[PDB]
Structure formats: C-alpha cells, structure tokens
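We call the chains A, B, C, D, E, F, G, H and I, going by the order they appear; numbering starts again at 1 in every chain.
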Amino acid sequence: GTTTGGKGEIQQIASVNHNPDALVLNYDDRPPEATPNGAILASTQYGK
Amino acid sequence: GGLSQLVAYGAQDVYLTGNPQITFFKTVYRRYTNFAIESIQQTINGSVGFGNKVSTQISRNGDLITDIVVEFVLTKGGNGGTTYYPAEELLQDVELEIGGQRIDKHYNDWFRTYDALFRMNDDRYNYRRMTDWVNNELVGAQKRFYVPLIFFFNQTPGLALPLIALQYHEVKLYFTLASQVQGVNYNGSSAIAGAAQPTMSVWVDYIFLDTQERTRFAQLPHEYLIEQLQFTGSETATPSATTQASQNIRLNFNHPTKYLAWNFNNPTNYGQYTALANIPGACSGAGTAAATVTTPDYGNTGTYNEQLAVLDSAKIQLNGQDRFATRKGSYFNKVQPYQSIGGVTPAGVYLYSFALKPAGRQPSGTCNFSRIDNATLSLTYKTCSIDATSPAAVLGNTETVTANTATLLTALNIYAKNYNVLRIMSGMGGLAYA
Amino acid sequence: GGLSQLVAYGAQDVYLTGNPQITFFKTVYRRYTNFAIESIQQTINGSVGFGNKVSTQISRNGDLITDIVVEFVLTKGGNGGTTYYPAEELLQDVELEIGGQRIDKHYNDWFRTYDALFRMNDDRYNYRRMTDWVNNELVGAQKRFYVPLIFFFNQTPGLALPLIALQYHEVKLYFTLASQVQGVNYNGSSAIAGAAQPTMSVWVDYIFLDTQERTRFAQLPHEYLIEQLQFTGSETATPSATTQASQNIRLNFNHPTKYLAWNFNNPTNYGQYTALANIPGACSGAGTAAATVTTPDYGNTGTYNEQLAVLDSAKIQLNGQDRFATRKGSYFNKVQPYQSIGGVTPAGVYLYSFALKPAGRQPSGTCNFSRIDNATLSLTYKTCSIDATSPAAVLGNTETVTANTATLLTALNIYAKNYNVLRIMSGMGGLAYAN
Amino acid sequence: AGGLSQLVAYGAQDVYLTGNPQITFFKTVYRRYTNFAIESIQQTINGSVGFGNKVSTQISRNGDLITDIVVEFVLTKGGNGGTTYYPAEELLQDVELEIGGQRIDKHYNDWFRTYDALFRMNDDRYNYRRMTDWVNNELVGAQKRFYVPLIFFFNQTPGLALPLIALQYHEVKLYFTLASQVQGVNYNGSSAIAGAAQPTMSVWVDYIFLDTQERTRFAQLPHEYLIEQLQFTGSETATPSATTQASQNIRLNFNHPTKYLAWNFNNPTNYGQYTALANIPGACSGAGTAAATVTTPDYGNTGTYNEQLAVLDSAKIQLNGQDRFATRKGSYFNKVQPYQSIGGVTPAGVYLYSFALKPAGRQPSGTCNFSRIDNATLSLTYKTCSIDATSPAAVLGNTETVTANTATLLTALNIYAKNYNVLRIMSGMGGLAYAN
Amino acid sequence: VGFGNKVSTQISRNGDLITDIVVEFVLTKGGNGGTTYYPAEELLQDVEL
Amino acid sequence: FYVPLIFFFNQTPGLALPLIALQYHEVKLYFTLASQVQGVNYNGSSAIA
Amino acid sequence: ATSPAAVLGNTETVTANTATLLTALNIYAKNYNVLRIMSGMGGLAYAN
Amino acid sequence: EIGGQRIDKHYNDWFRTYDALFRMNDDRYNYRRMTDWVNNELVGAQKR
Amino acid sequence: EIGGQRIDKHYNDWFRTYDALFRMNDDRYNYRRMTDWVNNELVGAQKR
C-alpha cells in the first residue's frame, strides 16, 4: 500500500430528485412591477 | 541604534524587502464621492402599544437609506435586575418590504441571537446600555431606548438601498410590538398594575449625494448583494431522566446560506437560553433561602456555564449523509464563534458556519440548500437529572447531564443567514431569487 | 461529507462562485522598503515641575517620526481610589510646531475624551494602566507612567513625519504640566504636603530608511493628509428647578470636519462629566452614612448612568438651519458612537459624526466649516431637581431631570477634528490652509 | 437646510477629499470566489493518551487544504473554585508540527499562555479562557470538554492553508506531549490528587475541499508560502533578595527575520505565574485573611496587572555589542510596546519588544534578522526583592525598584522569537527555504 | 394621535391649489374655569411644512 | 377646537400652493403634539389622573 | 402485567400496562450503493 | 470508512435486530455463545 | 376612495338591509354567526 500519507476523497454523485429549489421565483420568471412611492399623482380623472 | 538591524541584511530578505511593491510610511488616500448624512424621524402608521402592530413608510428625503434605529420610551415597573433587554423584547419583529415583496424578516429572539454571536464586549455592552437598565435603576425610572436594526444594509453603507432609484416602490417596515415585556408591564406572567404604554418612533439616517452620483444612481441599473434571515420555530422534547433523547429537526431553507445558528429557550422568559439554578446569577434570589429556580434573576439571564445548557451533541446531515462527525454542544457554543467570529457567545446559543468569515460582507463560502433535497439538524439532549437547587451537583456533575429545570427550554429557534441579490431595474426593485 | 455541498451548486451561485476572481486559500504578500524602528530620549529644555512649561526639540536622529510617548514618574499623595488618570491630566497642554508654524494643539481633557470616546476594550484599559493606579495601590506608592501622544503621525506609520524632508524647519513639542493633579498634589482642593515633583522624559520613535527611499524622501516634495484638533472653552448654566435651559453655542471651527464631540465638566475635578450622587461610582463613601456628594470616589469617576448628565437634547444648525432633527442626549452618548465607532462612550461624553469612519484615517464624510459662516450647537438641558443624596430619587426618576449636583458641570468643551494638507518641500513645510 | 446645505458648502479644502472622486462608499463591488466546502474531521491519535505520555497523530489527507486544528480534552476537576488556571493549556505541554520527516514548528504550553496573554483581546481571550479553564467557580468533580486551538502558521488565516494535496509524497504529523502535572486536575501544588482521572483527547482537523479548476491548480503548480515560525530555548535568572539589583547579559541564539521577541519570568512549580505572590486580593491563596499564604497562588487569578509584583526593572537589546535602542524600563515592554504594536493588554510579568509595525498581522512589517548578527543579547536588570509579601502596606505602598520577597521564585527565563521562513512545495514534496 | 406623539400627513392631491389648512382637536377639560390657556395650540407643539 | 395654520399660502389665495405643478413631489406636514398641556392632562407639573 | 390470568388471557387489541416503557422507536433500512475502485482510489458512486 | 468517506455504520441494536431477523437455527445459538453467558455462569466468571 | 376620489360608502342599517334582502338562509345565518352571539351566550362572553 502506497499510502504513507493518503489521497483525498473521490467525488461522488449527489443528484437532486426532490424539489428543494421550489418556492424560488427569480426576476426572470417574474420581474418586479411598480407600486406607489411618495410622489403621488392627483385624482386626474374626476368623472363627468 | 536601529542602523544595526539594517546592516543585518541578507539573502533571507529577498522575500521581504528586495524589489519592493509598497511602502508603509507614506499612505495614499483616495478621494471619495461627496455625501452628507441626516437623521430624521419617520411617519409611523398604527397605534403604538403592547401587542399592537405599527408600520413605517420610508420618506424620500434622501438618495440612499442606511441606518434605521427604532426608539422607545419605557418606564420600569419592577426593581433592579427584573429586566433583560426590554427594548429588544418589545420589538417582537420587523419585516422589510419593497413593492409588496418581502425582503427580510427579523424577530426579537433573532436580535438576541445576533448579539449573542456577532456583537462583542464593547458594542455588546453599549447595545445593552441602549436596550436595558444597566445602572441598578429602581422602580419608576424612565429611560429612552434604541434598537438599531440589522438588515443587510444596516451598519453597511455599501449596500444602502437606492431610494432615488426606487421611485416606483413603497419601502416599508412592519413592526410587531410584544404583548408582554418583562419588568415593564409583566413580571413573569403577572401583569404590573399601572404600567405605562410605550412611546415609539423609528429614526432613519439618510445619505445625500452630490450632482453626479445622484444621476449615476437614478439612471443606471444596479446589482446589490444582500443578506436575508430564514426562520420557523419548533418544539423540542427535552429528557427528564434515564435517557438522552434525540430529535431529528427537518431543515426548511432555500438560498446560498452562510451559517446555521440556533438556541433553546423558555418562551415565558425572553432571552433565557439556559436552565435556572441556585448558583450566583442563575436564578432569582440565588444563594439565599429565598432562592427559586422557577424564575430567573432576569438582569443576569445570560450566563456562560454550559452545564445549564440543554444541548448534548449535534450534527448537520445532508440527504441522509452526515456532513461532519457528531460534536458535543460546547463545540457550537464556544469553538465556531472563535473560528468564525472572534468573540464570546453566551451559553445556550449555538453556531455552525459554512463561511470562513460570516461576520463580514464579502461571501466566503456558502451552503446552497436549493440543491439539497433533505437537510436535517440532529440534536441529542443532556439528561435533566441535576437538582437545580443544590450547588453541589450543579457545579460538580458530569458533562452529559443538566438541571431538572432545563426541561422548560422547549422551544427551538433555528436560523439560517443567507445571501440573495436585490436588483434595481428602471426604477423598480426586487429579489433576483425570491 | 463536505463534497455534498461542493457539488450542490446551481443558479443562485453564479454571483458567488461563477468565473472566480479570487481565492481565499493562497495569499500573496507585498514586499516593503527595509526600515528599522528605534526609541530614543530627547533632550528636555526647562524646569520640570507642576505648573511649569517645558519644551523639547526632536533631534534629527532618523528619517521619519512615528509614535511619541511622554514618560512620568509619580508618587501618589492620597490613599486608594483617590486618583483618575493622573498622568494625562498632568500632561496639560501639548503643542506641535514645525518651523515656527503651529500644526496641532491638544489638551488633557481631549486625551480624556479620546480615551473615553475612540479607544475600546483592552486598548483603553491598558491606556489606563499606563496612566493611573489600577490595582488598589496605597499612599506612598511610586509608579511609572506613559502618556502616548495622539497627533496625526502618532497613530499610524502611514503618516510618519519626514524630518529628512524638513532639514530647515525644526520640529518642537511644547508642554505645560498641570499645576494641580488629583490625588498627587491635592485631595480635592486641599494641598498634599510633601508631594514630589514629577520626573519627565519625552521619548520619540524614529524610522531609519533604506538608501533608495531615504534619498527620494529627502529630494521629492511631499503632501500628507494631516488631521487637526480645533478647540476653545465654553461656559454653560444648567438650572436647578422649574426650568430647562437652551443654549446656542456658536461653533467657531473652520476646516473639513470629521465629527464634533463635547462634554460637560466640573472644573474642580479632572475627568468628571456627570453629577455626583450617593450611589456606587458617583460619590466618595457612596452608600454609607459618611457618603459625601461634594467629591467623587475618584478612582471610579467615569460612569454610564446618563441621568446624571445635564444634556437632554441637542441639534446642530448650519447657517441657522437645522442640520438634523433634535435628538435626546442618549442619542449622542449611546447611538452615534455605536454606529460610527463601535465602542462604549461614558455618560456625559457626546458625539455626532459627519463621517462613516471617524475613528479611521481615510476620509469618509466631512462638514466643511470653511464655507459655513454661522453654525451653532443647540443644547437643551435637564432640570437638576433630584436630591443627589437619595438613591430612591437618583435611581428612580424621569428622563428630563438629574441630580442637583449636576449644576457643577459648568464648563462646556466642544471639540472638532478636521482635515488639512501638510505641505513639505525642499526642507521646508507647514500647513496648507489657515482660517 | 440639513445635509443638502452641507453638500453646497463645498470649497477649496475639498479638492483633496471629494474633488475628482475616485471611490464611493455606497456601491461596494464584491469578488466572486472559488467554490469550496469546509469539513472538520476527527483524527486518530496514535499512542496511549495520559498524564506524562507522548502521543501523535498523522493527518489523513482526506481534503485538499488544512487550516484550523483544535485539540479537545475531557477533564474532571481534582479541586474546587480557583484551584485551576488554564488546565487544558498546561496539559498541552507541547505540539510539534512535522512536514515530511522534518520539523517546521514546535509550540509550548508556556508559549500558548504568552500568545493568549498578549495577542488576543478581552472578547476572544475570555472565550479562550472558557475553552481552557473553569470560569464559573466550578467545584471538585465537574467534568468539562476543553478546546485548545493550535496557532500554527496555517490556521491564523486561510491564505496560509497547508495544501496536503500538493504534498502527495509525504505525511504531516503532530506530536503531543501531555504534562504529567496539571494543577487542580492531577496535582495540587506538588501533591498528587488521588483518584484523578486520565484525560481523554481528540484532535479535530479542519479540511477544505476544492472544486475541479482550483484543486487541479493546487495539485500541479508549485507553491511558495511565507510562513511564521517560533524559536525557543530556556534559561535561568539571577533575582536577588537584597542589597543589589542584579543584571544578566543573556546571549540569544535566534536565526531568521524576526518580527518580535517576547519573554516571561516563570516559577516552574506552577503554570502561568509571572509575578510575585502577595497577601493582597487575587495575589495568593487565602489573600486578605489570616490564612493567607504567599507561597501558593490563588491559581484561578494567577494573572494580574500589578507591576510591583514583577521583577524586571529595565531591559535592553544589543546587537554585535551595540545598543539596538536605549535602555527602557520594564513597564515599557509590558504596556507601551503591546499598545504600540498589538492594541491589547499584556498582563504583568509578560514583556514584548517588536521589530514589526503590526506583529499580530500576517504581512511582513519590519524584521531584525538574527542570522546576520553574532552577539545579540538581552540585558535584564532586576528589581530588588525586599518587600515583605505578607504586608500590603509595602506591597501596595513602595517604590518602583523593589518587589516582593516571594518574587525570587521566578527563576526560569523564557525568551521567544517569532520569525519568517518560506515553505516551498515542489513535485509533491515540501520543505523550508532557509535552514537554521 | 395623543400627548407627546408625532404624526404627519401628506396632502391628499384632490385639488389643484391649496389655500388654508385647519387642524381640529377634541379635548376633555381636566379642571374648572380658568385652568386652561390656549390648550389647542399648546397641544400643537409644532408644525413643519 | 380649531387651530388654523398660518403658513405663506394659508392666509391669502394669491399664494395658494400649486400642487398640480408639483407632480414629482410629496407635500407633507409634521405635527408634534405636546406631552404636557395645561388643564387637560397636567395642572402645572402634576398629572391629571 | 402482574396477573398471568390477564397477561395470557386477552384480546388482540390489548397488551400490558408495562408496554409504556417501550419509549424509543428504531427504524432501519437496508439498501444498495455502488462501490467504485479505480487506479488506487475508491468511493461510493451515489451520495443521498 | 474508506479514504475519509463513510461506507457504512452499524449500532448494537442493529446487530441484535439483524440476529433477531436473518440468522436461523443453531447459528443464532452459536452467535449467543460468542456474545453471551450461556451456561449459568456466576459472578466473577471470565470469558472471551 | 381611490386616489382621494370617493367610489362608494356603506352605512349601518344598510348592512342589515343587504343581509335582510339578498343573503339567503345558510349564508345569511352564517353571516349572523360572524356578527352576533347566536348561542344564548351570557354576560362576559368574548367573541371574534
């Protein structure tokens, strides 16, 4: 046995088969949309 | 003199002084963008009081927002030592919201956990000074308290929210005030007659920029690397005798995560993370005939004696595969804070990091739970066999047992501190991965 | 094991581990210019004693100057608990001069404020160890003290003062030694017979440079980012009953300012910024029948109970306009040093910063008072109605009141730290701006 | 009004501050890093663990990089409150770091006590204490797990992580010497504590796993690490009881660009005692009462800050017979130098002189290379030990040049040098660039 | 709304021009005749526009 | 009670605030309410129960 | 539990009062994995 | 463990469950002979 | 209101008119359940 010191652990396969990325909604699937801020516009259309 | 060691020069200096790059005695300082900081009161929606909810609508007085400090006025209804961070307990939680999307959510226990881990002796005491009664004050004393908030941009000017470029969003803070705060309107579970309702204001520090930077921030898109807090509470089964109970906690987290931290608390006594015992500072009246181990000596609620800590051992398991060998509870209380923060953590609060320096803002290693199907935290508890009223056992027993009073620490608070990105696009803001 | 996380990466990692730019696990160090540090004594000109003035010139024994430490040897004239930083109150007035041009000027009260405001943890505890008796010592004890100076070139090598570049402009240090030291010459205002005069020595730390860089320092013009202290004394008049004062103290400062800090002191005692009261740490004999609230338990003069302070609220005005909204004294004592310093500021010492990092050296926000004609610090005071001798009232009252002994804090000390630019060329130098 | 006014108040003094801006504070750009995972793995300890035994462990090359290493001890108390003082630290008598059959560094319990005593601060120094001692007045029979971190060159920053992957052809080992006498656990002074249990030890090593691109770089490219080493030999002191202030001229045998020199004056009977014992609070067993005895410390408070219990009056370093700096008083090296160079507090009896601007830092900042110096000496002047240790009137009430009669027990002189060397790694094998 | 509280309002943008603004308070008298003096504005400690 | 405000646009229409022309700003008023108001919640310094 | 007449004489749906002592639940699964060895290194193919 | 990687892990209780399930006849009896005191041995008896 | 412009207003004695006119049996009763004490509750009873 050549192991006077050792060699590091071999990479093994750890796949994703359940849904741990669930509930993660990115800016690409849905982008942000506007809501009011501090500056407000007047009641522009008062009806007839 | 010093010339003697300059003469003492040789081959070994080729790695130190030969062909130099820098000099230590002529610093070149960089010129910075002109800014000024104001601190103004905000508009606080809602009725202020115990158990009530209120909110803050952030004004657009400035260009960037950085430090948010919540101000309270409280009157103490008890004697000295009957309180333990009442300004922090009062602020039961805060949600930060941009355009209807939650960016972060903090809890009173999280603030306590953060101070327990990442604050240090001077700033931790100054924190205590602005959140608690620290000078042996007596009943009827009035004191103004401050609870600085710790969102990703708080105390972090580099991530200040670009309000000038959020002219299409509400930026809001939703606060929940506690229904019971120890020492000011309840003593344990008993109401204090005549207790005064708190007075509240949220103070916000605005950064004002010069002509050119205001243009840059208003017109250009931005990518902000931000922090978030993930949380849900759960119950534990703390063992009585003849057994060391285990519990498998299912972790429910979704972002590159820098660390997992947790504590075990008695929900009836804010900040109590250890068992009560008839030893100095470990319970009300400790050391005297009037000592009781049902009620803490609240001002000394935090301790460092891990024998009063409930956790025996823990490990983090990912997809059924152990991430590291089992550690005893003191590992998470004393070592990871040493390695990862450089400060002292009181008994009852535990930390395991994925990051080399989680206290910093530069990412240094994360665990992406979004690519891990089944992560769990395995907890083994200490047997609660020590009679809490007998110092002979409390200060003199084996590492695997704790006090009979530890069975009251039935709530687990599991936190994950993670990273996310806040995107600013055409004046609109929200998360890159929500 | 950890490989379970190594492989487990996805879309949320592209901004963390995608196309890596840095590694945490291979550092490269920058090589520097060979130098040596040496600490030598300067020749002291003048009679050393209490109330005497003394000067020394920094001899050209090196290329750059960094730290300077003033040495005292004192004998305590009182019993235990009668002193409060004797070494720095003795070091009453330290003036830095280059070629006849004043560069900076520090006071003993600033040294106390700096230690109280910007030093932290073990740094300020050791500072006290170098300046006071901290182990219950008795009358007659002899101790050697070191008061480091905190000028612009004293706190970091990066601004070392290049004497090699100043061969025509003598650099001198002027000292005044206090006529009174609490616990060494006087117990309160009562003289201590037989008190010894101090022994003093000024030590200066020299940097020796390598030939190539030494040559460049001597020949090339230089500019240094230099920090200054501005000060003048003020007076206040805090009321005892039914009223609260409001002062508007004009801020006679004139260069880019990092922060303003101030305190309220009792001129009789050194370092006292709070009221005396019959509670631990605020009264000689506190808690006993012989408790006297005329003088403190001097060894514990500093306290943290802000209701012993006189400042209720303050705001700064620039051009007669508010600079920020009025905040309570606890904001300036607790909240501002928390955000800007991260330390513990004792009661009675107050800070408002203009900078993100006032404790740092890299400029990070200033108020340029050179372009502001009128500025004032507005101070609203507490009513000093509490009987200092009754803990029931001292420890159990409202926000807006303090002890009747608080009215002794009649001296108002407002400090400003600012930037200037130090110009050195052809062996001559001095400040850049003068206003 | 407000900050808007402050921005308008722009003038000539600002061209050196905000004119032609180069940076801002409110748009921080963070760097993207190489993917890695941290895993802490238990090592096997070869040998029988116990008091007076020597054991060793070989680090299994499980990961690619090594950084922190923590020695975990399980100890029980043999005494009551105040009878211990860093029992975990005195047990870790020494640790030898060996890479490929050759020594890189060796630390001693007394060094760990010095490193703790002058470099880390109140906050983590107390946690360090929490990890090494009983700090809650625990009584006889208490069991506690102790964590003694190692402070080798590769664990004070990831940038100096030890790349085992690049050392493919040989082992890295740690040799541990466990003290035979541990105050308050196995011995109480010179008296053995009957029934004392043997320690259990585990050595935890923290591994880093690298991704494909960087793991390859580490395996194939050569490396040059600029690392720290400790140098140490012991000597004996000449501490007089009366009529004189003795001097010694101690010849130094150090050999690399040195960052600093630190020294202790120890009482080998106990652990960590660098000051005299006296009948004043915390200065001896029973202090303040009629039972006070000044031959034995009140161990849990062994460290103090009272300079009058120290024995060093003054010290100077000479190189090849010339003064390196003018003679300084003992308080200079105890308080002024760590103030100037570290920023913490050094307890009485521990002294440091730096050659470095930032000796607690990793980047070189000034060194004295004793490899080019022949006659380098440390000259030490002692205080006369004439004070009666049992009389506070003198212990707390005498002059600078005299100390307690019990001070003559500080007979061991411990001088440490911290220096640079370079650890080079080529073709799977590592080694030091400079010998001696 | 209450004693020692700070409240604010933005003007609801119903109209084109704003002229007067009148603040109403409803108070309960704590004493008999002659015990008050301008309590409505005493209460209105300040207004910042 | 009624407390009219007396700002620059409150007492005469010729100075009426043209909100219609200020569509990029909010206009807001901060109202600070005194903690101690004589005869309704304090009589001198004494609180009215 | 102390009366054989009941312990040895009852219905499917009942057991002894002493059964409440059986407080710990241990569920074990036996599964496959693949152990790979190549050029001197070894490890499991799948981690999950 | 092989190369730092866990391959399997067994508990004392698993050893008994395994015996309780998969061994049969006199192998379980010989097993007990290896693991227990099966001949009414008395206090002080020493066995391999 | 929307933008300061009133859209609608409801009154006491309208809710009773609507409930007494458009809500039918189960949905009118369930509405009562949400707004009244319908179980002969005594003084001191608390409901949401």
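Just so it is clear, a residue touches a chain if its C-beta (ideal position, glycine included) is under 8 Å from a C-beta of that chain, and two chains touch if they have at least 3 such contacts.
Shared contact partners of subunit D and subunit E, listed by label, are A, B. Put simply, the chain closest to the centre of the protein, by Cα centroids, is B. More C-beta pairs in contact connect the chains of A-H than those of the other pair, out of A-H and E-I. If you average the CA atoms of subunit B and of subunit E, the two centres end up 40 Å from each other. Chain centres here are Cα means. That of subunit E falls 74 Å from that of subunit G. Centres computed as Cα averages put subunit A at a distance of 47 Å from subunit F. With centres taken as mean Cα positions, subunit C sits 31 Å from subunit B. Of all residues in subunit B, those that touch two or more other chains are 1-2, 4-5, 9, 13, 15-16, 24, 30-32, 35-38, 41, 43, 59-60, 120-121, 157, 225, 255, 319, 321-324, 354, 356, 363-365, 370-373, 432-433. Those residues of subunit A in touch with two or more other chains are numbered 6-14, 16-17, 21, 24, 26, 38-43. Residue ranges on subunit E touching subunit I, taken from their complex, read 12-14.
Subunit F makes touch with subunit A in their complex at residues 19-20, 23-26.
Residues of subunit B touching subunit A in their complex: 57, 59-60, 99-101, 166-170, 254-255, 319, 321, 369-374, 423, 425, 427-434.
Those residues of subunit B lying in contact with subunit C across their complex are 1-6, 9, 13, 15-27, 29-32, 35-41, 67, 69, 73, 80, 120-123, 125-127, 129-130, 134-144, 146, 148, 155, 157, 203, 205, 223, 225, 255-256, 318-319, 321-324, 354, 356, 363-368, 370-372, 419, 421, 432-433. Remark: subunit A residues 4-9 touch subunit D in the complex.
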